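Here is the structure we will look at.
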Amino acid sequence: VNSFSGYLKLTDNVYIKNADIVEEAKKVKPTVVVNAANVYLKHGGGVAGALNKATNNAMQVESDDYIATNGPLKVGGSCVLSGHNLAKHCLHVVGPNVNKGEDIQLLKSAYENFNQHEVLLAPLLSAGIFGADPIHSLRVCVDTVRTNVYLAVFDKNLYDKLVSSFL
Ligand SMILES: O=C(O)[C@]1(F)CN(c2ncnc3[nH]c4ccccc4c23)CC12CCC2
């Protein structure tokens, strides 16, 4: 038993809710919240900009030190950093950005990072400003992640389309 509430169950291990991931994290304080990161951990907009704003820019300060030490992530890769006031940990995962021409096949590799964590609160990778089809992203999530994932979808219209079209 965990503290996630109001989710629709899609599969044995994947759950979905129309929710603002920032507000959901603030309430649940999950062990892991996933950020929709880029390779530079520049949290300017989308989910990343919203998560970072909710930490009063502490996420960005920590991220800049991480990059200065380690260099950029790979597309499809991840790193674990602090969850600040939102979660114990933040798993920064880089899905491919279609608006940069990155290979959508890397979306599966991105979701594989979730399997290193037993339970996660997450957005749909490569959705939103990353330019991928969220229905495809949901399919890859379900077919790749084996651990327990609670997906927060900000847009109500999109949430209803994802549910209604789910196979
Ligand atoms: O940035 C994108 O492209 C996204 F479409 C946005 N997303 C979100 N997913 C859940 N909660 C959210 N709260 C937010 C508050 C402000 C801005 C965005 C979000 C958001 C998902 C997304 C990250 C990859 C697709």
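Sequential numbering from 1 along the given sequence is applied to the chain's residues. Computed from heavy atoms alone, side chains included, the values below leave out hydrogens, waters and symmetry copies. Every number for a ligand or one of its atoms is a count from 1 in the order of the listing.
- To the nearest 0.5 Å, atoms CG (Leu51) and CD1 (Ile21) are separated by 5.5 Å.
- Comparing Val47, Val93, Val153, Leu51 by heavy-atom distance to atom 21 (C) of ligand 1, the nearest is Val47.
- Residue contacts with ligand 1 include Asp20, since one or more of its heavy atoms lies under 4.0 Å from the ligand.
- In this structure, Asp143 CG and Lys108 NZ are separated by 6.0 Å, a value rounded to the nearest 0.5 Å.
- Looking at ligand 1, you won't find any N or O of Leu125 less than 3.5 Å from one of its N or O atoms.
- With hydrogens left out, the protein atom closest to atom 3 (O) of ligand 1 is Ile129 N, 2.2 Å, a heavy atom.
- Among protein heavy atoms, atom 24 (C) of ligand 1 sits closest to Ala127 O, 3.0 Å.
- Rounding to the nearest 0.5 Å places CG of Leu10 at 4.5 Å from CZ of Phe166.
- Between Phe154 and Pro123, every side-chain heavy-atom pair lies at or beyond the 4.5 Å cut-off.
- Between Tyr159 atom OH and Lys17 atom NZ the span is 9.5 Å, to the nearest 0.5 Å.
- Inter-residue side-chain proximity for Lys74 and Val94 is flagged as unmet; no heavy-atom pair is nearer than 4.5 Å.
- Per-residue contacts place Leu124 under 4.0 angstrom from the following atoms of ligand 1 (heavy atoms of the residue considered): 24 (C), 25 (C).
- In this structure, of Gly46, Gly128, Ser126, the residue bringing a heavy atom nearest to atom 18 (C) of ligand 1 is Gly46.
- The side-chain heavy atoms of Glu118 and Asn148, taken from C-beta on, include no pair separated by under 4.5 Å.
- Heavy-atom proximity to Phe130, at under 4.0 Å, picks out these atoms of ligand 1: 3 (O).
- Of the polar atoms of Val22, none of the N or O atoms is found under 3.5 Å from an N or O of ligand 1, judged by distance alone.
- Here the heavy atom of the protein found nearest to atom 16 (C) of ligand 1 is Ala50 CB, 3.3 Å.
- Summarising the local packing, NZ of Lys27 is surrounded by more than 12 heavy atoms from other residues, nucleotides or ligands at distances under 6.0 Å.
- Looking at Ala36 against ligand 1, only its side chain comes within 4.0 Å, counting heavy atoms.
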